[PDB]
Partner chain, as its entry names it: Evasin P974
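Only one chain is included here, represented as structure tokens and corresponding to the form deposited without its partner chain.
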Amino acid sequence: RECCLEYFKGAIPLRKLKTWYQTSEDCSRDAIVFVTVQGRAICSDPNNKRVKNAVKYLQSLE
């Protein structure tokens, strides 16, 4: 369940996000969902460099 159909090819504000997770393994399309400070989420290609960079960043916050 909870799937991404399309990703956000816009720009990412690393200080705006609060978390991330990977959508269910059931989904035809894999995506990384970031969650912003205001509860909203961004569907992101896990193969985009800036996405992999957003992930790296976050994790270092812990």
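Numbering follows the first chain given and starts at 1. Superpose the two forms; the largest set of C-alphas matching within 1.5 Å is the rigid core.
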(message) So, in 6 other deposited structures of this protein, taking the root mean square over structures and residues of the Cα distances after a rigid core fit: is 3 to 11 or 53 to 61 the more displaced stretch?
(response) 53 to 61
(message) Given a rigid core fit, name the stretch, 18 to 26 or 44 to 52, whose C-alphas are on average farther from the form shown here in 6 other deposited structures of this protein.
(response) 18 to 26
(request) Could you settle it for me: does 19 to 27 or 43 to 51 have the higher average Cα B factor in the PDB entry? (result) 19 to 27
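Just so you know, the form deposited with its partner chain bound exists too; it's not on screen, but the next bit is about it.
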(request) Would you please decide whether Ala41 lies within 4.5 angstroms of its partner chain in the entry with it bound, comparing each non-hydrogen atom pair? (result) yes
